[PDB]
């Protein structure tokens, strides 16, 4: 299997052909052009690879996902948010947010300048979005991802101050479900993501949901840059 892409085509092989180990490895090569990424997200595929390696494309089985309404907020966090010291915005500083996720030397080490430029293009074309957390005038956290109708693909999140991440995710979810949102894609289940309510589901089911929710929509102004939470 494992198809090798090229500049001559933006089409990917079927997700069902992905490898078992590593989980979901479907293709390598191509580029991070706006059209190829959209095609990918449209088919439940996403790019991830370490700096120095060719572009690797995935669609694991199972797929880690998060039902907005199932977001788990600790009793402590709720008390924290009740008197939150942060304010949350939407699409105010995408560059800073993705650069925030990049600078942390962990899972975000895969975010190279090439990746940053690629997603900043999707954000400029209106498909990639960011939620920003502010402490005074400083960005202390947030998250970003690619929208797919009523489905949201969460690429990553970062935090430079206690409870910043949870805040962005807490408020976003309220906003999301409040206006039609139905699902958040987390790709691969991990400890932190699992502690927040993320659960695994068969890839085939994820695909069902995806081509089902990508043709849906949220209010015309749902992604317009604005303030989301401010006491």
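Numbering follows the first chain given and starts at 1.
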Quiz item: In at least a third of the other entries we lined up, does residue 107 end up with no coordinates?
Solution: yes
Quiz item: So 132-140 or 105-113, which one's hotter by mean CA B-factor in the entry?
Solution: 105-113
Exercise. Would you determine, from the values in the PDB entry, which of 55-63 and 196-204 has the greater average C-alpha temperature factor?
Key: 196-204
Practice problem: Using the entry's values, work out which of 185, 69, 162, 31 has the largest Cα B factor. | Solution: 69
Self-check item: Ranked C-alpha temperature factor of residue 17 among modelled chain residues, by third
Solution: middle
Quiz item: Lowest, middle or highest third: where is residue 77 by C-alpha B factor in its chain?
Solution: middle
Quiz prompt | residue 83, C-alpha B-factor rank within chain (lowest, middle or highest third) | solution = middle
Self-check item: Within-chain third of residue 39 by Cα B-factor, per the entry
Solution: middle
